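One structure coming up, written as structure tokens, with questions to follow.
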Amino acid sequence: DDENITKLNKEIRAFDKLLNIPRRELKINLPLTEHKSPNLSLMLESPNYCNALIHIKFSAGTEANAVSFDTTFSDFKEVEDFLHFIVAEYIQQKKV
Amino acid sequence: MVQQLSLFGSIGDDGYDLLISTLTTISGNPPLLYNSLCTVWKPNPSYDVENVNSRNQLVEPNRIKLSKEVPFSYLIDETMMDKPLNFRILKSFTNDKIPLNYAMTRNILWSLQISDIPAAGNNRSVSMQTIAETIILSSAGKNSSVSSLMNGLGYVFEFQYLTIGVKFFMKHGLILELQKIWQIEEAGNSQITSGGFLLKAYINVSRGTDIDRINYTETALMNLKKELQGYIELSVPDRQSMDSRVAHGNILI
Amino acid sequence: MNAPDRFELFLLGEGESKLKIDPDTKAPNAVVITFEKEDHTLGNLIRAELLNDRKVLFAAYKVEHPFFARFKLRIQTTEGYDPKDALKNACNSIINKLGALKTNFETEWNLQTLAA
Amino acid sequence: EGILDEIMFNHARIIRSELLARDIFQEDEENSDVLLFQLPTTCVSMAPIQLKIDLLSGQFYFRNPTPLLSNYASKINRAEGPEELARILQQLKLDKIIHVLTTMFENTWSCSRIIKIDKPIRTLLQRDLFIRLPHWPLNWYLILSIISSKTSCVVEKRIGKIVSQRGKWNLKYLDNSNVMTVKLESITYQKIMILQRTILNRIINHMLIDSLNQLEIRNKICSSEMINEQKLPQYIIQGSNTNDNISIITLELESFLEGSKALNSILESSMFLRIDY
Amino acid sequence: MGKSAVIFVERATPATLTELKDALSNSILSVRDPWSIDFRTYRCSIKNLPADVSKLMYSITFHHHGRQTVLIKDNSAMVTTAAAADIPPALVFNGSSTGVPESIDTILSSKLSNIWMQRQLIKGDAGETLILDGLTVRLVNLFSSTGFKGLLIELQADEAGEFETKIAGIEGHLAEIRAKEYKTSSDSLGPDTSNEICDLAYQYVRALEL
């Protein structure tokens, strides 16, 4: 309505790309045969601007919506452990 | 429910622009545009309310106010989109005609509000009034409409009017309003506040029992009035003019 | 006339709690429990049942004035045991006893009707 | 200012020395104002965490605290007694391990956060966790008793049956002959999934045994060791090519017949029930 | 679009709530904070009324849905709030509202007391809410002025595909506990206009009527 409030809203919104929380997403597609291609989507966020939160969504090659696993992690050590477990599970699946 | 402490006044439009400069010099804040639309409803005369305890006068019938905000796209004609939306547009609102007509308001059909006559006695320096308020958020059903709702309660439409003006926010919760009022009927639209602006400075108190706060509020209002001495005279209106009971009919405008 | 309405004997007023529990400041593990709209019929039964628990030390009730329907109960139990738990056990035991009594009376009445 | 700083440092050193005397935090050689707390991040990992003392207000803080770590640091801050502090750290280790293993189960398992048993299950802090799967037979739960000591931790895995009646949890049945006592470090994902596969067969054997007890029929399990010992008849072992879908149970002839002693002289006292899925 | 249903049991016992809580314990995933609800009826005090005009007005107050009141009359609904955080900012800004409103029950029972008068009041406090697989179940004991009245069950789901199956399952669960006289309702006030809380209040009214 009034010019001043809209002007201030515009000027403040102009800085969203700097003030807003950073985010990142990484999609990994693994080449598998038998039309069974699992997906690995890892999104990294910093909700409190300092802590790292890693959300992992691993979809096995069974259905487009049957998410095999969907977990969250705050410790990189557990991230590496679960990554190693997922790699071992994929190797076993490729061996069967 | 609040205790509203208020002071009133009026000004001629000639000084309007010079008044707006001075306010900006005191508050430090600019004006903000606003508008509103109020509809007054009264108890249905077809229904005989024998429940009014005539031998004791436990209660008397009163009038209900329903208010709503209306977008400026209904108030700006084809000649006015070029100008930006700010306080200067009020300078063109001097004619009794207005884009919003009876049919549009009929098509519209919120905040529900009831009040009482101010406190008696001649030792009161500011108009103290008691207000009971509630809010209507939404509705549903086969006849979801404000008119049907108020007829369900037992009330009928009486009249309506449109306010357009500017607002100033000062310290301590003091609000100062400059208004122009347009009464609306099927016969047409008439500006009651012809060739002038109605000025109203007020504060709200949440609890009537707290008296330190009320004393502080009165101190702030009288200090504000004593600041504007020589420019505009702010006065306590007539106690019998702000009475909105059905038995006796008059309307401060 | 100043005679109060009779229905105030069995209908709680609005904003009234049927029980009110208050710790007693003199003896450890003691509570005073106010019951509303009740008379000796319940207090005597509850106190007589609370006197059978070997972990209950003190159990006493009173009706201060015969105008008002309300009474006070006072309980004191051994360490490591809650008076509210004692009240719950007493109520459970009373309910079981009344159920057994009802079943016995029904059996006897039906037998008499067969013999009637 | 120097006197105030000296008093601050002396008070912090006195508190730190008291904590070291209690032998809860080990000594940090690199930093004299940093306390090392030993915590297992995983089953086999055993790592130190650095806790530091604020020189201004004096609240303990971690270097990179997790939300649970921050919560328990705040709990430490308003703690009042040295025994309270020791109990807080013991509970920190215990529920950190519990959270780690619960996350391990959930990343593969439905735990229950509602069940509270009046008496801890007989096997030093003991914690009972009750897990199951949606497709399991009703009221059967995999029960894990975590026993945590000052230096070592063990897990007792059993199968039990619990019911809820009139607001109370009743331990309907517990099995003790097949308690799996497992060290904390050895548990891994592959062991978890192998246990998941075998536990349905073990639960099927348990619910059949309980049903035989409700029938008052004595029985004994032909476990993997029993089959490998070749004490059973060989023609029963035939066709069991190391398959978990074949279960053999030895039943008493008298018990199966509910006390019919006239048939004891005809058939052997032991019969064999071989159930193939 | 979420769906909801309400089942009221009149011949219930004091311990029936615990019986239904335990009979569903296998599927219970979690438990959340308790809730409360109020149910008033207001009567018209004027005698010069037409035959086709109803006389009652049902007010239902939801405590967990952010302190909201709903007024019902002749299949017509009205939703009022009383919290300062539910106020649309336009009304605060323009001056249409003083900022600290009152509940509509105070307005009905203070200022309009010569048109409407209270007739009854049914309350429910300290209910329990349970999260099952894709479902939320709330249980509470109803207390009138005289005493215990009955049992109230309200079910809410987000996916409307299999709502009927869940209702049938809960009805069967009540069936094994031998509660055979229960009145259920999942009706909708308006086929075209869908407001969740208005429909919930209408279902409450349809369940609680005598």
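FYI, it's all coordinate maths here, none of it is from the lab. Quick reminder, even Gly has a Cβ in these numbers, built from the backbone with ideal geometry, and neighbours come from all protein chains shown.
Of a type in the set (S, T, Y) and not in a helix (DSSP H, G or I): which single residue out of B:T217, B:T193 fits that description?
B:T193
Results for (1) under 18 Å from the mean Cα position of the chain (by Cα); (2) closer than 29 Å to D:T108 by Cβ, shown as yes or no for each residue.
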position	(1), (2)
A:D16	no, no
A:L19	no, no
A:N29	yes, yes
A:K36	no, yes
A:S41	yes, yes
A:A60	yes, yes
A:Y90	no, yes
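Filter region A:1-35 down to the residues that are under 24 Å from E:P89 (Cα atoms) and touching a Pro at 6+ places or on another chain (Cβ under 9 Å) and list them by number.
A:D1, A:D2, A:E3, A:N4
Continuing with this model, one more query. Only one residue in B:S148, B:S138, B:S125 is away from every other protein chain (no Cβ under 12 Å) and among the polar types (S, T, N, Q). Which one?
Criteria check complete, one pass: B:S125.
So, in region D:74-106, exactly how many residues are of a type in the set (A, V, I, L, M) and surrounded by fewer than 14 Cβ atoms within 10 Å (Cβ to Cβ)?
The total comes to 0.
From the list A:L44, A:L40, A:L18, exactly one residue is surrounded by fewer than 13 Cβ atoms within 10 Å (Cβ to Cβ) and not in a loop (DSSP other than H, G, I, E, B). Which is it?
A:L18
Just a yes or no: is a residue in region B:17-28 out of contact with any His (no Cβ under 7 Å at 6 or more places or on another chain), within 14 Å of chain E (Cβ to nearest Cβ) and among the hydrophobic types (A, V, I, L, M, F, W, C)?
Within region B:17-28, none of the residues are out of contact with any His (no Cβ under 7 Å at 6 or more places or on another chain), within 14 Å of chain E (Cβ to nearest Cβ) and among the hydrophobic types (A, V, I, L, M, F, W, C).
Filter region B:88-113 down to residues that are within 11 Å of another protein chain (Cβ to nearest Cβ) and in contact with an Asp or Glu (Cβ under 8 Å, 6 or more places away or on another chain) and give me whichever is nearest to E:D86 (Cα to Cα).
Ranking the candidates gives B:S111 first.
For residues in region E:133-159 being over 19 Å from E:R206 (Cβ atoms), touching a strand residue (DSSP E or B) at 6+ places or on another chain (Cβ under 8 Å) and not in a strand (DSSP E or B), which is nearest to the other protein chains (Cβ to nearest Cβ)?
E:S145
Another question about this same structure. What number of residues in region E:107-134 are touching a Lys or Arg at 6+ places or on another chain (Cβ under 6 Å) and crowded, with 17+ Cβ neighbours inside 10 Å?
Total meeting the criteria: 2.
Of the conditions (1) touching a helix residue (DSSP H, G or I) at 6+ places or on another chain (Cβ under 7 Å); (2) surrounded by 21 or more Cβ atoms within 10 Å (Cβ to Cβ); (3) under 19 Å from E:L200 (Cβ atoms), E:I104 fails just one. Which one is it?
Tallying (1) touching a helix residue (DSSP H, G or I) at 6+ places or on another chain (Cβ under 7 Å); (2) surrounded by 21 or more Cβ atoms within 10 Å (Cβ to Cβ); (3) under 19 Å from E:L200 (Cβ atoms), E:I104 fails exactly one: (1).
Exactly one of these conditions fails for D:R22: (1) of a type in the set (K, R); (2) out of contact with any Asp or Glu (no Cβ under 8 Å at 6 or more places or on another chain); (3) farther than 29 Å from D:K183 by Cβ. Give me its number.
Exception for D:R22: condition (3).
Confirm whether C:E16 is of a type in the set (D, E) and over 24 Å from E:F143 (Cβ atoms).
Here the answer is no, as C:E16 does not meet what is asked.
Follow-up question, since we're still on this one. Give me the pairs: first residue in region C:30-56 and more than 14 Å from C:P83 (Cβ to Cβ), second residue part of a loop (DSSP other than H, G, I, E, B) and among the hydrophobic types (A, V, I, L, M, F, W, C), beta-carbon distance under 7 Å, and six or more apart or on different chains, which are they?
C:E36/C:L12; C:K37/C:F10; C:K37/C:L12; C:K37/C:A69; C:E38/C:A69; C:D39/C:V63; C:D39/C:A69; C:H40/C:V63
Let me ask something else. Going through region B:1-44 one residue at a time, which ones are exposed (fewer than 15 other Cβ atoms within 10 Å of the Cβ) and of a type in the set (A, V, I, L, M, F, W, C)?
Passing the criteria: B:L18, B:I26.
Whether any residue in region C:99-115 is exposed (fewer than 13 other Cβ atoms within 10 Å of the Cβ), assigned to a loop (DSSP other than H, G, I, E, B) and β-branched (V, I, T) is what I want to check.
The answer is no, given that none of the residues of region C:99-115 is exposed (fewer than 13 other Cβ atoms within 10 Å of the Cβ), assigned to a loop (DSSP other than H, G, I, E, B) and β-branched (V, I, T).
Of the residues that make up region E:19-31, is at least one touching a strand residue (DSSP E or B) at 6+ places or on another chain (Cβ under 7 Å), among the hydroxyl-bearing types (S, T, Y), within 14 Å of another protein chain (Cβ to nearest Cβ) and surrounded by fewer than 17 Cβ atoms within 10 Å (Cβ to Cβ)?
Yes.
Let me ask you something else. If we keep just the residues of region D:156-204 that are assigned to a loop (DSSP other than H, G, I, E, B) and closer than 30 Å to E:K21 by Cβ, which is farthest from the other protein chains (Cβ to nearest Cβ)?
D:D175
Ok, one more. In region B:62-78, how many residues are of a type in the set (A, V, I, L, M), buried (at least 16 other Cβ atoms within 10 Å of the Cβ) and in a loop (DSSP other than H, G, I, E, B)?
Result for region B:62-78: 2.
Specify which of the listed residues (B:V49, B:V40, B:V59) is of a type in the set (V, I, T), under 30 Å from E:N75 (Cα atoms) and in a loop (DSSP other than H, G, I, E, B).
That would be B:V49, the only listed residue that is of a type in the set (V, I, T), under 30 Å from E:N75 (Cα atoms) and in a loop (DSSP other than H, G, I, E, B).
Test C:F7 against the stated conditions and say whether it is out of contact with any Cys (no Cβ under 9 Å at 6 or more places or on another chain), closer than 30 Å to E:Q120 by Cα and either within 14 Å of another protein chain (Cβ to nearest Cβ) or among the hydrophobic types (A, V, I, L, M, F, W, C) (or both).
Yes: the conditions hold for C:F7.
Let me ask something else. Which of the residues belonging to region D:235-277 are part of a loop (DSSP other than H, G, I, E, B), more than 16 Å from D:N219 (Cα to Cα) and hydroxyl-bearing (S, T, Y)?
Matches in region D:235-277: D:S240, D:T242, D:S260, D:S265, D:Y277.
Using beta carbons and a limit of 9 Å, which pairs, at least six apart or on different chains, have the first residue in region B:75-93 and farther than 18 Å from B:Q183 by Cα and the second one part of a helix (DSSP H, G or I) and of a type in the set (F, W, Y)?
Correct list of pairs: B:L85/B:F72; B:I89/B:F72; B:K91/B:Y16.
Being in a helix (DSSP H, G or I) and hydrophobic (A, V, I, L, M, F, W, C) is the filter; apply it to region B:87-111 and report the residue that is surrounded by the most Cβ atoms within 10 Å (Cβ to Cβ).
Checking each candidate, the answer is B:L90.
Now, a different point. Can we say A:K10 is out of contact with any helix residue (DSSP H, G or I) (no Cβ under 6 Å at 6 or more places or on another chain), within 14 Å of chain B (Cβ to nearest Cβ) and either more than 30 Å from B:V70 (Cβ to Cβ) or not in a loop (DSSP other than H, G, I, E, B) (or both)?
So A:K10 fits the description; yes.
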